[PDB]
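Below: one structure, written as structure tokens.
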Amino acid sequence: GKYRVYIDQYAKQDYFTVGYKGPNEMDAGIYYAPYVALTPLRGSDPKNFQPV
Amino acid sequence: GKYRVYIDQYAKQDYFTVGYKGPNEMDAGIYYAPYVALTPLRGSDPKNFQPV
Amino acid sequence: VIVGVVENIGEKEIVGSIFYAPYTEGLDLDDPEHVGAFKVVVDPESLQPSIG
Amino acid sequence: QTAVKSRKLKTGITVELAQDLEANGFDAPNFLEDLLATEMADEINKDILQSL
Amino acid sequence: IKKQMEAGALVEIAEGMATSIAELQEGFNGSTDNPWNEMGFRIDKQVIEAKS
Amino acid sequence: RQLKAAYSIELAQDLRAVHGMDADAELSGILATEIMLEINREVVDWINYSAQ
Amino acid sequence: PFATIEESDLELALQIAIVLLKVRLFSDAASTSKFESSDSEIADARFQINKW
Numbered sequence: 419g420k421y422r423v424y425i426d427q428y429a430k431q432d433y434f435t436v437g438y439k440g441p442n443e444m445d446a447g448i449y450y451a452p453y454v455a456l457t458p459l460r461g462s463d464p465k466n467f468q469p470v
Numbered sequence: 419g420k421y422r423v424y425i426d427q428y429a430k431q432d433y434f435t436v437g438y439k440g441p442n443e444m445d446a447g448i449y450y451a452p453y454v455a456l457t458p459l460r461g462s463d464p465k466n467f468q469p470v
Numbered sequence: 323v324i325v326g327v328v329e330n331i332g333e334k335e336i337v338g339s340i341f342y343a344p345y346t347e348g349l350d351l352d353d354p355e356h357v358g359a360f361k362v363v364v365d366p367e368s369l370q371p372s373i374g
Numbered sequence: 167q168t169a170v171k172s173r174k175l176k177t178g179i180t181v182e183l184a185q186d187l188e189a190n191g192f193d194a195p196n197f198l199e200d201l202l203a204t205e206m207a208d209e210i211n212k213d214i215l216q217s218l
Numbered sequence: 212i213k214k215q216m217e218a219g220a221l222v223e224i225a226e227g228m229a230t231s232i233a234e235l236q237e238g239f240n241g242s243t244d245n246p247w248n249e250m251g252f253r254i255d256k257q258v259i260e261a262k263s
Numbered sequence: 264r265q266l267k268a269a270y271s272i273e274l275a276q277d278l279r280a281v282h283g284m285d286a287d288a289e290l291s292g293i294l295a296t297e298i299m300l301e302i303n304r305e306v307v308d309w310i311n312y313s314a315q
Numbered sequence: 115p116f117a118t119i120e121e122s123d124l125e126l127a128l129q130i131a132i133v134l135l136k137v138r139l140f141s142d143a144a145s146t147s148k149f150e151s152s153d154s155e156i157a158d159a160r161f162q163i164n165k166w
């Protein structure tokens with residue numbers, strides 16, 4: 419009824435961690451604010467013409 | 419009506435070469451197998467803006 | 323202190339000190355009065371673009 | 167009779183600087199092209215006013 | 212190493228990259244000795260034979 | 264097989280003016296034609312190479 | 115130059131030469147061939163923003 423359990427894949431020894439998460443994005447404890455999304459860039463060198 | 423004659427413009431001598439070409443693409447002598455047609459590649463120098 | 327003269331009587335009779343006369347005839351440009359086009363390259367080692 | 171000459175400028179930025187300029191208030195691509203235009207337009211004066 | 216992590220001595224930490232260091236990647240602004248990190252892939256094959 | 268070509272921007276302007284031909288298309292019309300000639304020569308060359 | 119001009123201060127003596135045609139300002143556009151040889155130290159445009 420209450421707890422969402424996510425299973426840490428690469429846990430080293432052993433541990434379970436409890437925590438809180440509110441409805442508003444401010445009641446977290448840890449904030450992850452992305453600034454710019456994954457921007458792809460492409461270019462070429464005019465000595466080998468190979469894409470990078 | 420028997421042989422077809424092709425002219426070698428860049429002939430260093432005076433010569434003729436006779437050969438065979440079968441109806442099938444297999445019995446032909448030498449094999450010329452193209453893989454990738456001509457592909458253009460374009461670019462410009464990073465710090466002098468001269469295209470290549 | 324410099325005193326000069328500018329006179330464009332009309333048609334092809336244009337007279338005056340220091341003729342300037344920019345040369346952009348035929349180059350693909352935006353607006354007739356840009357006088358020279360830009361250029362972007364993006365170096366291959368890094369990826370930060372440059373403008374010339 | 168005279169032969170035309172060339173004037174060239176090149177500044178370039180980094181994507182990180184461009185990214186914040188939109189956040190900081192400016193319009194990065196339009197602003198940079200205005201940066202080159204002003205200097206080159208000014209650079210002509212130093213070639214005319216110092217030629218008379 | 213596991214035992215030290217148990218008594219809060221060593222803690223796992225994954226961290227980003229400094230913007231100034233991340234901005235000057237491979238020669239920009241005259242920087243030196245600072246490559247990117249690259250990921251490629253390899254394709255390899257196995258073979259079997261029928262016994263009797 | 265591969266080939267390269269290097270044309271300056273100012274040449275593209277002058278060639279587009281004065282004469283009236285695009286400097287870019289000529290080099291593409293030269294390199295591609297030149298390579299095909301060499302391959303067409305190599306096929307002829309091998310025949311005389313292998314002929315008894 | 116600077117032989118007839120007895121001005122002790124350098125800048126004023128430089129000023130005298132300009133009016134006396136002994137020396138001339140070198141504000142000039144480069145010849146076309148300067149920015150083409152793939153070794154072209156092209157001028158750089160710099161800017162800075164400070165807030166009050």
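Protein chains in written order, with the entry's author numbering: chain B, 419 to 470; chain L, 419 to 470; chain Z, 323 to 374; chain E, 167 to 218; chain F, 212 to 263; chain W, 264 to 315; chain X, 115 to 166.
Here a beta-carbon is modelled for each residue, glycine too, at the ideal position from N, C-alpha and C.
In the three-state scheme derived from DSSP, where H, G and I count as helix and E and B as strand, X/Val-133 is classed as helix. For chain W, the residues of the stretch 433-457 of chain L that bring a beta carbon within less than 9 Å of one of its beta carbons are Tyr-433, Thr-435, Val-436, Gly-437, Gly-447, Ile-448, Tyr-450, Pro-452, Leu-456, in chain order. Using a CB distance cut-off of 8 Å, F/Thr-230 counts as an interface residue toward chain E. Note on geometry: alpha-carbon atoms of E/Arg-173 and X/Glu-150 lie some 12 Å from one another. At a cut-off of 8 Å between beta carbons, E/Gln-185 contacts chain B. Pairing Z/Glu-347 with Z/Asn-330, the inter-Cα distance amounts to about 21 Å. The DSSP-derived three-state label of B/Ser-462 is strand. Under the 8 Å criterion on CB atoms, L/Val-470 is classed as interfacial with respect to chain B. By the neighbour-count criterion, in which 16 or more other beta carbons inside 10 Å mark a residue as buried, E/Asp-193 falls on the exposed side.
In terms of beta-carbon proximity, Z/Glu-367 lines the interface with chain F, with at least one pair separated by less than 8 Å. For F/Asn-245, no alpha helix (DSSP H) segment is defined, and its DSSP state is neither H nor E. Counting the other Cβ atoms within 10 Å of the Cβ of E/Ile-179 gives 16 or more, which makes it buried.
Of all alpha-carbon atoms in F/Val-222, F/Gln-236, F/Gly-219, the one lying nearest the alpha-carbon of E/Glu-182 is that of F/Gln-236.
One Cα belongs to B/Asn-442, the other to B/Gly-461, and the distance between them is close to 42 Å. Within the stretch 276-290 of chain W, those residues whose Cβ lies closer than 8 Å to any Cβ of chain Z are, in chain order, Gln-276, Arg-279, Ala-280. In the three-state scheme derived from DSSP, where H, G and I count as helix and E and B as strand, L/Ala-451 is classed as coil. Residue range 286-313 is occupied by the alpha helix (DSSP H) that includes W/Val-306. The alpha-carbon of E/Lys-212 is positioned some 17 Å away from that of X/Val-133.
Around Z/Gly-374, the beta-carbon contacts reaching into chain L at under 8 Å are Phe-467. Under the DSSP assignment, E/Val-181 falls in the alpha helix (DSSP H) whose first and last residues are 181-190.
Separation of the CB atoms of W/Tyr-270 and W/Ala-295 is rounded to 15 Å, and the pair is thereby denied contact status at 8 Å.
One finds nothing in chain Z with a Cβ atom closer than 7 Å to the Cβ of B/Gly-419; even the nearest lies about 50 Å away. When the five nearest sequence neighbours on each side are left out, the beta carbons in the same chain lying within less than 8 Å of the beta carbon of E/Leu-202 are those of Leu-175, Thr-177, in order along the chain. Taking a contact to require three or more Cβ pairs closer than 8 Å, the stretch 433-447 of chain L and the stretch 348-363 of chain Z do not qualify as touching. Each of Z/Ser-372, Z/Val-327, Z/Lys-334, Z/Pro-344 was checked against the Cα of Z/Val-362, and the nearest Cα belongs to Z/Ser-372. The C-beta of E/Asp-208 has fewer than 16 other C-beta atoms within 10 Å across all chains shown, which makes the residue exposed. Within 8 Å of the CB of Z/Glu-347, the CB atoms of chain W belong to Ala-280, in sequence order along the chain.
When Cβ-Cβ separations below 8 Å define contact, E/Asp-193 makes no contact with chain X. Rounded to whole angstroms, the gap between the alpha carbons of Z/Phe-341 and B/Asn-466 is 44 Å. Pairwise C-beta distances place the stretch 221-233 of chain F out of contact with the stretch 157-164 of chain X, as fewer than three of them are shorter than 8 Å.
Only those residues of the stretch 220-247 of chain F whose C-beta falls short of 7 Å from the nearest C-beta of chain Z are listed: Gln-236, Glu-237, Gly-238, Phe-239. When Cβ-Cβ separations below 8 Å define contact, E/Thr-177 makes no contact with chain F. DSSP lists Z/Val-337 as the beta-bridge partner residues of Z/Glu-329. By the neighbour-count definition (other C-beta atoms within 10 Å, threshold 16), Z/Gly-374 is a buried residue.
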